[PDB]
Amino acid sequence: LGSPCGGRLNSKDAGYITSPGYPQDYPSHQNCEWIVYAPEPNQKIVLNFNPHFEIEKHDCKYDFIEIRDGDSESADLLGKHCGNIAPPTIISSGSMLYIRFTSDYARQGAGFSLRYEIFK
């Protein structure tokens, strides 16, 4: 239970996933991993980001959030977002969603926040 950020979350109760310290500036050298899953295999997950969204942009090479369609990091990529504009609504294809936030050494911003729930 040492991990500063991340974890497996059960989506039957809607919750939130945020960069460490949001809305304040996230730390440097971060490497958070989330897995949110639906209780039963038929359901799917839908994410909605908050409009306040500040991640260092450099073609998303340094600070970024990435979303993929499954448990592993090798699942099909749904998006890798940085910059000023929050990403649109994401809807899982299966019943598992992989989320990861990465921070480098230099400059930080407010970060991201999203809310996960079961679709419909």
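All residue numbers are counted from 1 along the displayed sequence.
The PDB entry reports B-factors from which the mean C-alpha value can be compared for 22-30 and 41-49; the larger average falls on 41-49. Note on 102-110 vs 12-20: mean CA B-factor is higher in 12-20. As recorded in the entry, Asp69 carries the highest CA temperature factor of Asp69, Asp59, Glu54, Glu66.
For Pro88, the recorded CA temperature factor ranks within the middle third of the chain's modelled residues.
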